Every structure is written in C-alpha cells, then in structure tokens.
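First, one chain by itself in structure tokens, the form deposited in one PDB entry.
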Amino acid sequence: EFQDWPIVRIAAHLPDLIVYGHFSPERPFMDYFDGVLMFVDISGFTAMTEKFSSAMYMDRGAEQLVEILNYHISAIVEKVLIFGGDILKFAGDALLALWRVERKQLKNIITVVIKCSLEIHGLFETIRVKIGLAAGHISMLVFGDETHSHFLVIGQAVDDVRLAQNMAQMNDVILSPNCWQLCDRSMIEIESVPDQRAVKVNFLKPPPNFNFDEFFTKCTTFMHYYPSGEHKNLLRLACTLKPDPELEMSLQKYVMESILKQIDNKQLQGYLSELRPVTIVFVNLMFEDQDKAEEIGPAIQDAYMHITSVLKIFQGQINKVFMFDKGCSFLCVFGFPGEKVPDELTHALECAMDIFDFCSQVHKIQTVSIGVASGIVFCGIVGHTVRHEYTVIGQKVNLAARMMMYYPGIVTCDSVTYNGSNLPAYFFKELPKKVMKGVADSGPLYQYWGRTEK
C-alpha cells in the first residue's frame, strides 16, 4: 500500500479530532463530548534550547536541537498513539492528548491513560517529564475564515488538566479531582496533595486476575479510529487516507503555507529547522469565569477575523492558539519563513496596538493583554513522523507569554523591541519589573503606550 500522498502528509499535522470530523462550514463551529485528557510537560528538555544556541554547535544548533528533541518527543507520541490517544497539539513546553469516549467508558479509559502515563515516565528512567490527567465534559471550538481554520478544546476538564499539570513535579502523574472521582479506585493507589483535592498516582496495582492487554483490547472496542485488522500495525489510521480533494481542501486550511510548500516538495525538507531572529506577539483574550463556551466561540471568531487581517498587513502569522484559565491566547510571530524586515519591530508593536484596540471592543472579552519580545528562537517541525507540528521554542517565546499574564490589560515589550523600534521613547513607559515564573532577568520591560497621551 502506497501512503505518501499529500493528503496524508497534511493529516500528520492534525489530530483525528480534525481529520475525521465532518462538521459544517459555519464559523464558529462547536461540538461537545466527554473524554480523558493528558498534558505532558516537556520543559527541562526544551530549556536546553539556550545550550544549542552556543558556538559549540558550530552553526548546526537548530538541526541538533530538532534532532535530539524529536528523538524524545516521538517516543512520547508513540506511547500515546499505541494506547489509543489522539495528540491534539504540540507546544515547545508540552503536548496535549485526548481519549474521546462515551461517558460510561470514562472509568476504564482512565486506567488505560494512567498505564500510558507511567510507561511514558518509564522511557526516561536513565531529563524527565511531568504528566497531568483530567476527565469530564469537553467542548471543541473551530474558528477561522474561508482560507484558514483553528481549533481548541474548552471546559473545566481542560482547565482541570491545566492545574493538575501545574502541581506536578518530575516523574509525577497527577489526576484532577473529577478524574480521581470517576476513576477505578479499586486499581489506583494515590496520595494526597496538600490543600489540593487533586491526587498523585503512586501505583496501578490491578486485581490478581487482571490482564492489561486483554483489558486494553476490549477498550479498543470503543476507540472509533484505533488501527486494526489489516492495519493493526499502523500508528495512525490517518496513514491510510486516500486522495479526496474536498477533504484536503478542508484540512489544508489548518496548516501554515510554508509547511504546505514543503509537503508539496517545493521546498527543501530541512528549510524550517532554524535558529531565527523573530518577534513574538503573544495575545491573550480573557473572558469572565461564568462565560460558557457558546458565548466565547463567537467572541474568539470576531477577534480572529480582525487579528488575521492585521497580521496579513504587517506580515505576521499565527503559530499556535491556546485556551486555559478562561483566557484564549494567540502565539503570533513576525519574521517567520521568508518574510523578514528591518522595520519588523515597529510593525509588531503597531500590529499589537491595533489588535489591542479592536479586541478590547469585542463584547464578552473582559481583558486584552499582549506581550511582545524579539530575539533568536528555534523553529522546526516537532513530534513524530506520523504526528508533528511546526513550533517555536525559546527564551523570548516564554517571556512574551509571561508578560501578557503578569501585565494584563496592556501591551508590553522587551528591551530588544523597545530600543530597536523606529519610534520615540515617549511612545513607551518603563514598567515595574516583576518576578516571573521561570524567567531569567528580563532586561527592562516597557508598556507600549502609543502615539498619544489619550
């Protein structure tokens, strides 16, 4: 069986949630289901990024970093896939995976996912990982325009895996409160986590008669897309997709144009692994605690329509979209493949301010915050051959992310963006520098005030 079609190469960049969805063209589009989520924090392994920028790597730092990082992440991805998971998205610091099932099967799948999580830690018993698990209701949001599409999962099961991850330490498996409540406590030995109703898994000791492989095989019964039969030894059913112009047209909207060029063998397959000077514009849109996914969807859609319009003008791109802690964040990048300018900084700031001004007027968005940072970041396709994504990794990515969270409601920028801007100083305001999560000394940070006092 030949399987190297463009449609298959595109499907590699997407989860089954998208590849085998059959939903409408209306945007936003929303859907609701239940499942188990797994969040694998892979920092410590992506904190090395600074080492590989050193002159010791003789201008092959990016290539060496992508190689060693994919060595490890692809092993994590194989475990997830073999246990029936769907990897939803990659980021420099983590990956999120989903086991979507009927509510009545959540109990058994949690055991599958816990076994998976511990086999993942088993891969690193000679850097390590941190794993959070959650279970419950999940809402999916698809937004975009006629040429591009983005998706998110939303809900407290998503927020649950957020906090479960934040509590974890190296080699931990933390289960959200609702996951612990729905899990098979007959099999899962836990321990308290102080002043937190979430729990840490110590052992998975099953009944004497329990045979996991038979148990897993029965669980695959409810996994709609687990490879089986003649395809039992494929990691993804996506690998079997055949040409379908209508499906490919839909799928390619989720994929960055430069990726598609490479997919089409119109660009060298290594062109996108690089250490590149870029400007990160990290946009956060916050909604109120009580806001529900059917009201958030339209707000994100309206914000997105304007965001993409401004980025096209100032020649930026959306690398990633996330949502947790009731905030939807856009990881935007300027100076990405091909399109780099020496006025990129003023454009990034002006684009930020434009996005700040519009989005603050979108209703149901309570707060807009944008962090801007410029510097060298690693760019590359990260993951497994059969499931990977273009991602950016580096100090300035994390800095932009921290700035938008620690300085809400304004546009902030780093000392690099400030000095290099083709703009005068009174356009800015030096900020009180706060102590931020896992951040080296910033340098001075600034608020982009804009051209007016008003």
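Residues that one form lacks are left out of the comparison. Each form is matched to the other, and the largest set of C-alpha atoms that superpose within 1.5 Å is called the rigid core. Just count from 1 along the sequence shown to find any residue number.
The following text describes the form deposited in another entry, which does not appear among the structures shown.
Peer 1: Out of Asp145, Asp291, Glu248, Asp354, I need the residue that shifts by 2 angstroms or more at the Cα between the shown form and the other one, core superposed.
Peer 2: Correct option: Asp291.
Peer 1: Once the core is superposed between the shown form and the other one, does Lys364 show a C-alpha displacement of at least 2 Å?
Peer 2: No, shifts by less than 2 Å.
Peer 1: Classify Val416 as shifted (yes) or not shifted (no) between the shown form and the other one, where shifted means its C-alpha moves by 2 Å or more with the rigid core superposed.
Peer 2: Result for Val416: no, shift under 2 Å.
Peer 1: Please check if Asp302 moves between the shown form and the other one, taking a CA shift of 2 Å or more relative to the superposed core as movement.
Peer 2: Superposed on the core, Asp302 moves its C-alpha less than 2 Å between the shown form and the other one.
Peer 1: If the C-alpha spacing of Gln290 and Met286 moves by 3 Å or more in the other form, is that a move closer or farther apart?
Peer 2: The answer is closer, because the C-alphas of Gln290 and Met286 approach each other in the other form by 3 Å or more.
Peer 1: Any idea whether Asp291 and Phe151 get closer or farther by CA distance in the other form, knowing it moves 3 angstroms or more?
Peer 2: Those two alpha carbons end up closer in the other form.
Peer 1: Which residue ranges, three or more long, have every Cα moving by 2 Å or more between the shown form and the other one relative to the rigid core?
Peer 2: Three-plus residue runs displaced between the shown form and the other one: 1-3, 45-47, 289-291, 324-326.
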